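K.L.:
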Amino acid sequence: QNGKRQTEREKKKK
Amino acid sequence: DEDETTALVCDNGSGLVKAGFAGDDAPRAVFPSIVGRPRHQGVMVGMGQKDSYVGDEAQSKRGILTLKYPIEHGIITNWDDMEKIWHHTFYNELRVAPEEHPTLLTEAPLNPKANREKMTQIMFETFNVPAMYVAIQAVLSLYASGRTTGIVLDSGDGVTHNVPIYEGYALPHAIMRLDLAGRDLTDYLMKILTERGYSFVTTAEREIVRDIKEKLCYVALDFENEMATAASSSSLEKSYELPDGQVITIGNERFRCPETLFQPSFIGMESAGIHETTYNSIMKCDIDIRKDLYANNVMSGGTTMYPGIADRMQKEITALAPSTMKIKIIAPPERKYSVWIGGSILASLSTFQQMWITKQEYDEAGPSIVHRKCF
Amino acid sequence: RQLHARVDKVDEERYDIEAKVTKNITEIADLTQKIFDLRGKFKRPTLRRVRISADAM
C-alpha cells in the first residue's frame, strides 16, 4: 500500500 | 541619537501605526498603515514619481493612487508592504536604526499566529533588531490606564477583542471576541452617505469618509430618541468640507453608522453588540472576579472617541448587571493611544527584561520563537 | 589561535563596516537621487543655449 540573509552570510563568512 | 539602547515601540494596527521610543510619553510620528500605487499611465517624463508610496506619502499623493492596507482585522497579510512601512517609520521619520534597539510590536490575544510570527521575522531579518517582543493590546491598555484588573474593550479599526484580565492574568474562557470594528463602521458610512447623493466608492473617497467619520460621527446615549429628532429635523445635521470644495451634511446617518457597534444587524452581522459582549466578558468570569471587573470596565482602542460612547457603554452594562453593586467605566483621555503608551511602559519595565527575545535565541529557533517566548 | 579567532571576527567586522558604509553610500546615491530630482526641478529649464539665431541674420 506504499535568501538575502544567506547571501550576505556567505559574503561575510567566506 | 538616544543615550541608551531604548526599545522602539510601534503600535501597528489596521488603521495608523504609532511609533516612537520606549520611555517617552508619545509616538514621534504616526503613519497610515498604507502602501500606495499609481492607477494611471505617466505622461510627462522626468517627473520623479514612485512605483509605490508609503504611509503619509501614499496618503498625500492619493489623488491617483489606489491605497492598500497590509493589515486587515489586526493581521498582516502583506509583509513586503510592512517592511516598507517599518523602513519608513524607522529611518525616514523616527530616524533610528532598530539594529541598535529592541523593538516592541502589538496584537490581540487571539490574533492568528502568522501575525506575531511574521512580525518577529521581519524585525529580526530585515532590520536585524537585537531583540523582540510582541505584546498584548489589553496589557498595554491596562498599564496605560493604571489597572491590573478590568475588562479591556478595545473596539478599534480591526477587531474588537474584549478580554477580561484579573490581577494581571488572562481569563481566556471569557474573551468575548467579536468580528465587528471601526473599519466596518467606515464602510457603512460610505454606503449610507451614497444614499444621500454623495457616492463614496473609490480610495480617495474612502479616506474622505474615514475623515468625516472621525470628525462628525457619534453614538449618543439613547439611539431611538436621538433618531426621533435627527430623522425629523435639520437642526441635528452637521456639515463637512471635502477637498474639492464640496459640502456634505449628515443627519441621522451621523449616528446610525456608529450605532452598528450596539446594533450589528445594521451591516448584516450576527452579533449582540459590543456592550453585551462587554457584559458577558465580566459574567463569564468567576463570581469572585466579577465584582472587580464590574468596577473596572476599561475602554481603549478606536471608536472610543465617539461622543456618548463611554457614557453609553457604562449604561448598557450597568443595565444588564445586578442591582446593589456599582458598575463603573474607565475612559481616560488616553483612550486608543493606550496601546502605544503601554508599549513604552512595558518595554521599560525592569521585570520585562526577562521577556525580550534576543537575536541569539532567534537564530537557533527561527521566528516561531515568538510562540515560546511572548505569550 | 586567539589571533585566528580575532581575524575571523575582525574580518567579519571589517566586512560589516564595509556593508555599513555601503549602505551609507547607497543612501547617499538614493537620497541624492531624489535630491537630483529636487534641484533639477529648479535648474533643468536653463540647461539650454537660447536666443542665438534670433537676430544674427
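Residue numbers (the authors' numbering), protein chains in the order written: chain a, 149 to 150, 199 to 210; chain I, 1 to 375; chain b, 98 to 154. Backbone N, C-alpha and C fix where the C-beta goes; we use that ideal spot for every residue, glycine too.
(1) Can you check DSSP and say which residues form a bridge with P112(I)?
(2) Out of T278(I), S33(I), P130(I), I345(I), state which residue places its alpha-carbon closest to the alpha-carbon of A319(I).
(3) To test your reading of the DSSP string, which unbroken alpha helix (DSSP H) runs of 4 or more residues are found completely within the region 83-159 of chain I?
(4) So, does the CB of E124(b) fall closer than 8 Å to a CB anywhere in chain a?
(5) What is the DSSP secondary structure of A231(I), counted as helix, strand or coil?
(6) Who are the Cβ neighbours of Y166(I) in its own chain at under 6 Å, not counting the five residues just before and after it?
(7) Within its chain, find whatever has a CB closer than 7 Å to the CB of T103(I); leave out the 5 residues flanking it on each side and keep chain order.
(8) Please identify, using Cβ separations under 9 Å, the residues of the region 127-139 of chain b that lie next to chain I, in order along the chain.
(9) Beta carbon of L67(I), beta carbon of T186(I): below 8 Å?
(10) Give the interface partners of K200(a) over in chain b, defined as CB-CB distance under 9 Å, in chain order.
(11) Round the Cβ separation of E259(I) and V219(I) to the nearest angstrom and send it over; I've been treating them as touching at under 8 Å.
(12) Return no unless some Cβ of chain b is closer than 8 Å to the Cβ of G48(I).
(13) Between the region 357-365 of chain I and the region 324-335 of chain I, do at least 3 Cβ pairs fall closer than 8 Å?
(14) Relative to the ligand HEM, is the shortest distance from any of its heavy atoms to the C-beta of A144(I) smaller than 7 Å?
(15) According to DSSP, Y188(I) sits in a beta bridge with which residue or residues?
(16) As a quick exercise: from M44(I), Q49(I), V45(I), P32(I), pick the residue whose alpha carbon is nearest that of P38(I).
(17) Less than 8 Å between the C-beta atoms of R177(I) and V159(I), yes or no?
(18) Round the Cβ separation of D157(I) and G182(I) to the nearest angstrom and send it over; I've been treating them as touching at under 8 Å.
(19) Report the three-state DSSP secondary structure of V17(I) (helix, strand or coil).
(20) Taking the straight line between their C-alpha atoms, what separation do you get for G302(I) and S155(I)?
(21) Quick one: Cα of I208(I) to Cα of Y69(I), how far?
(22) Smallest Cα separation from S60(I): which of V45(I), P32(I), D80(I)?
(23) Would you call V43(I) buried or exposed, if buried means 16 or more other Cβ atoms sit within 10 Å of its Cβ?
(24) Do you know whose CA, among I309(I), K291(I), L349(I), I341(I), lies nearest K326(I)'s CA?
P.N.:
Well, looking at it:
(1) Answer is none; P112(I) lacks a bridge partner.
(2) By alpha-carbon distance to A319(I), the top candidate from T278(I), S33(I), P130(I), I345(I) is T278(I).
(3) DSSP runs (the alpha helix (DSSP H)) wholly in the region 83-159 of chain I: 114-125, 137-145.
(4) With a threshold of 8 Å between beta carbons, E124(b) makes no contact with chain a.
(5) Looking at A231(I) - three-state DSSP - the assignment turns out to be coil, as it is neither helix nor strand.
(6) Counting only Cβ-Cβ distances below 6 Å, and skipping sequence neighbours, we find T149, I289.
(7) Hits under 7 Å: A7, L8, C10, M123, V129, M132.
(8) Listed by position, the residues of the region 127-139 of chain b near chain I (Cβ gap below 9 Å) are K131, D134, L135, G137, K138.
(9) It is not a contact, given that the beta carbons lie outside the stated cut-off.
(10) The contacting residues do not exist; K200(a) stays about 12 Å from chain b at best.
(11) Their Cβ separation, rounded to whole angstroms, is 6 Å, which keeps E259(I) and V219(I) in contact under 8 Å.
(12) So, interface residue.
(13) Short answer: they don't touch.
(14) Ligands displayed in this structure: none; no statement on the ligand HEM is therefore possible.
(15) Partner(s): none; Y188(I) has no beta bridge.
(16) Restricting attention to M44(I), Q49(I), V45(I), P32(I), the CA atom closest to the CA of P38(I) is found in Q49(I).
(17) Result yes, Cβ atoms of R177(I) and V159(I) sit closer than 8 Å.
(18) Going by Cβ atoms, the distance from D157(I) to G182(I) rounds to 4 Å, so yes, they are a contact pair.
(19) Of the three classes helix, strand and coil, the one that applies to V17(I) here is strand, per DSSP.
(20) Rounded to whole angstroms, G302(I) and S155(I) show a C-alpha spacing of 6 Å.
(21) Going by C-alpha positions, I208(I) is about 16 Å away from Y69(I).
(22) Taking each of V45(I), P32(I), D80(I) in turn and checking the Cα distance to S60(I), the smallest one comes out for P32(I).
(23) With fewer than 16 other beta carbons inside 10 angstroms of its own, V43(I) counts as exposed.
(24) Taking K326(I) as reference, the option from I309(I), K291(I), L349(I), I341(I) with the minimal CA-CA separation is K291(I).
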